[PDB]
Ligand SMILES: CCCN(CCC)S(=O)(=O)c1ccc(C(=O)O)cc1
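Coming up is one lone chain in structure tokens, specifically the form deposited without the named molecule.
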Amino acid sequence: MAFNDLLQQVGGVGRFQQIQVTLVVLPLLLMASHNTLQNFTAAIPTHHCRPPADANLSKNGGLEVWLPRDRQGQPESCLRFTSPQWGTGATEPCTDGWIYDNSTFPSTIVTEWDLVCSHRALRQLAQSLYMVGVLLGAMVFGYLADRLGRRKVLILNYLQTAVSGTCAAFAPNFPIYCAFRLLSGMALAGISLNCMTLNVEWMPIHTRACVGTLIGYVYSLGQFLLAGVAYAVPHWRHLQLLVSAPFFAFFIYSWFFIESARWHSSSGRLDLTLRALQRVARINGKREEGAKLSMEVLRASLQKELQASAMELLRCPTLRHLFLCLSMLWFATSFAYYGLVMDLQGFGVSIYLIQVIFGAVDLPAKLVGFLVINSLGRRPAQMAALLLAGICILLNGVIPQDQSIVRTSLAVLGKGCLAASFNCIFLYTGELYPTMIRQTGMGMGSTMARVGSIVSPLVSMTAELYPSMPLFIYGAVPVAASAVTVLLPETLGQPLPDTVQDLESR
């Protein structure tokens, strides 16, 4: 237990940590851009059926004669009249395609592949597939990082996101776009993980909490980046290329990253722990102190340092209770958060302004949450963050769509509350678990969060059954999770547990 004595000997936070951490967190700006890209690359333009080609519109007075009208008086999206009706007419599905409004969205995957009407669910299947990729990538790349290095896996992940995202932008058909979006997500899942591990492991333990916060706010700023970039590049092929082309530049400079000395020590190669520590000492400017570091020193000072299985979380009744409860908390927050963040069009305000507002809520939310977490408790904050979000989402479902300010304001408050729930469930889930199973437990919790993101688009596909069914679920699930937090034990002012016995004593 003295690597943190060696990292500090070699400059602590110094040029190397400033340079490398800036560079390793810069990609995370575009994680938000990719996760929620389909709000802009798949936006649904207003579509009405194409009148039959044989029919002449000059003669038949345009869409009026060939389009059945809904209660709103707007042309119906999925039907066209079988015969020309002038002034109960049979309606045929539309064989000749659809005419989409080009005012706001020139092209989207929806316009390109006619993912409209019967095939409307495909738009959400693609988001779910990207997220299946994110779940798969957290697991594949997590194993590969422990086997090949945090750095080598990052270099390959920057290249995969770049290649897969670029190829998605030039996808010729829908199956291919979905395949390259799953692979884009797999790579991005590995970037988000390895970005934490490489920075946290190269930074002193007194500055690990800050590393984690910076990463969180660098993601939130990504939401303003998506809004500004999407306004500039409305077309989807162009927007997908722009959001993925930066990762080729990341791949090019990632070759100069320094591999975690901690990963080297764990492997058994202290020769590379020494080489990394001396290189950093040259970079940080404490060269004399690096020369002093040799293998007689690094060994003895790293000997003491030289996690249990996930089956344990299930096997022990004490840790199974903490597992189940927290899994519901992580699923609920993600499931609801993605549900709300992935429906920007319904509110009645521009999809760009709403993206900006949503991203600007995360900033006062995270403070208010920090204030309530520390001042009141870590559990009262989780009941409040989840219950209030659930009440807001269910009231977005009940309030009529005519009200845009009442609906926009309640969705914005709700998204802010779920952002606070993400921040608290991270602290809550580290303080609740004993040291042996604490890293396994934070990974299982994050896995359940990714399962929430996969399940959320599938739930949204129930809109066809009922327009408000998607929202009533995205609201009921957080209300139920809030009730689950009652079971979990308060962690404010209590030291972190080291054994199951300690959880039990609590």
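Residue positions are given as counts along the sequence shown, with the first one as 1.
What comes next is about the form solved in complex with the named molecule, which is not displayed.
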Touches the named molecule in the entry with it bound: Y158 (any heavy atom, 4.5 Å)
no
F81: touches the named molecule in the entry with it bound, heavy atom cutoff 4.5 angstroms
no
Proximity of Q38 to the named molecule in the entry with it bound, heavy atoms at 4.5 Å
no
Would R123 sit within 4.5 Å of the named molecule in the entry with it bound, counting heavy atoms only?
no
Hey, of 456 to 464, 442 to 450, 469 to 477, 38 to 46, which bit sits against the named molecule in the entry with it bound at 4.5 Å between non-hydrogen atoms?
442 to 450
Since the partner isn't included here, can you check whether the named molecule sits close to all of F3, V153 and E259 in the entry with it bound (heavy atom within 4.5 Å for each)?
no
Looking at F247, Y338, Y433, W202 here, can you tell me which has any non-hydrogen atom within 4.5 angstroms of the named molecule in the entry with it bound?
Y338
Of the options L198, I393, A419, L386, which one has a non-hydrogen atom that comes within 4.5 Å of the named molecule in the entry with it bound?
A419
Across 218 to 239, which residues bring a heavy atom to within 4.5 Å of the named molecule in the entry with it bound?
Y219
